[PDB]
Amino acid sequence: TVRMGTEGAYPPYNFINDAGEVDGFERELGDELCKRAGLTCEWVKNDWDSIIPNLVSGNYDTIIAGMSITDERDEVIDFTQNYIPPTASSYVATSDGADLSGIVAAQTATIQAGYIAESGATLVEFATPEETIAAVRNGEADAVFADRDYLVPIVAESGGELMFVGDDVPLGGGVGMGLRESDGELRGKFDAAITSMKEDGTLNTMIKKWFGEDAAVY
């Protein structure tokens, strides 16, 4: 049994539905990958801040949680190939003239937080994605910098209270599954399953289903 670790707070990638079950793109993907690898799985929810150390300590066996493949994270864990192509990061604000060099909210331990910390903007970090949106809505922050695919439905749901500002920024290597560095054989099973979904078009279909007809595909 493979314990699949996810954040459960990052729609539409992953979330806990009203039944208390893991749901989202990654629920469907993860289940189909395990089916194709011949593995049975069990889903484990873990907060983003500790999702890497808790994989390393053996609380679960994979991270499938919208995590970009990066060299920095490759220092402690190993990634499969990407299962979504690299997509942009974007700024979101309550007005068009928001000061993007002011206070910018980003989720802790993300490439977006890293980009803002290196920038001239003042970074404020929040534990969860929803807290970054709340910080903008309530005026504690000038804007939020986050994954564009996370922000698109949020902007559409806002009834005009939230909007994209500035330009998109490409960050990170595409989303991939994380595993312990001593787990090469399991990682290889997942890699072989991902490749099979790329080859037969089922991954592209899953991506468009969850991210829209215009989503980047393979």
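Don't overthink the numbering: it's just position in the shown sequence, from 1.
The mean C-alpha temperature factor is higher for 153-161 when 44-52 and 153-161 are set side by side. Two stretches are in play, 70-78 and 116-124, and the higher mean C-alpha B-factor belongs to 116-124. Considering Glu185, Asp191, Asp168, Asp61 together, the PDB entry gives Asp168 the largest C-alpha B factor. Among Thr94, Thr108, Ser89, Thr132, the highest C-alpha B-factor recorded in the PDB entry belongs to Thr94.
When the CA B factors of the chain's modelled residues are split into thirds, the value for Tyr10 lands in the lowest one. For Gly38, the recorded CA temperature factor ranks within the highest third of the chain's modelled residues. Remark: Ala143 belongs to the middle third of its chain, ranked by C-alpha B-factor as recorded.
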